[PDB]
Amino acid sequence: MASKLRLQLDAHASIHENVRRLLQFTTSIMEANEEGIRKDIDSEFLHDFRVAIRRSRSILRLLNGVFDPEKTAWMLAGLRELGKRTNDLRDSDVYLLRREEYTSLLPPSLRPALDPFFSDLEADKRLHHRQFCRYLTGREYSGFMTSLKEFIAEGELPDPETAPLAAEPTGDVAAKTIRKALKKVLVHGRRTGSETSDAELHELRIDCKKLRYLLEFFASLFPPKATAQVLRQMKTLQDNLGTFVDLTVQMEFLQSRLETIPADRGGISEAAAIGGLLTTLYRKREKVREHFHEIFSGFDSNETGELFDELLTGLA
């Protein structure tokens, strides 16, 4: 319930006012999810907490200059540290949720060796849940969140010589940053020759995310159909890049677990099961890679250019 909600923004208000409203929104989502994290109700609470952090940090970087550099660095560092504090707990949840999926991919002879693997994930989950709850109930977290909400409540415009973007009308900044983000997707996707490297796809996934975040933040400035059509136009490409990277992340996680499997007889069976998963995910990922070129060429169309022009029409 964090990526599905939109703000009502005034296109004529300063970008400073509207980014502060964004951060009031995302910090409210953070705090609203603490109780569910603490009570370990469901994995979705930590996920929305993380989504709010990630969108906050990404917009703060895209709109660098709306706030003073010191305050910007401070918000980015505290939010980065907070997100990193959730990584181990988030990993435990995600791979536990994949247990039956992963088990079904393997031969029957290799399925039992995953049981100790998942029991160890459950033990990790309890450890990292306790650790992150002490963090959440701690003064250092309380202090950062209190300072952050106080700062974003400060409506006075910053020094324009150190925060040059702050006083700019929201519509102007939206037009300029969305055009910039679109150009970055198109240029980078066109640069993607035949090699279709891991690095290129990883970057382009982030390029598309930045574009999406901007569209969702500024949605209320545009006719709703126009925003919705641009988001739809991006979806197949984003799904291809997202699955490619997600499979990469899963393979990186499983590879790191191989490095710390016990070097003994029970480890051998677990290693074979983990190798089976790595290999199957690898094969899946190469099929996804095979489709990237067509899907991007279909995105890089005249209709796509026209839809962004129709979106941004009448802005400067």
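A residue's number is simply how far along the shown sequence it sits, counting from 1.
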Mean temperature factor over C-alpha atoms, higher-scoring stretch between 98-106 and 183-191: 183-191
Of 133-141 and 84-92, the one with larger mean CA B-factor: 133-141
Criterion, highest CA B-factor; candidates, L254, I59, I261, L46: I261
Maximum C-alpha temperature factor, selected from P223, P158, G171, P116: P223
Third assignment of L127 from its chain's C-alpha B-factors: highest
CA B-factor placement of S197, once the chain's modelled residues are sorted into thirds: highest
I37 by Cα B-factor - lowest, middle or highest third of the modelled chain: middle
Within-chain third of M75 by Cα B-factor, per the entry: lowest
Within-chain third of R21 by Cα B-factor, per the entry: middle
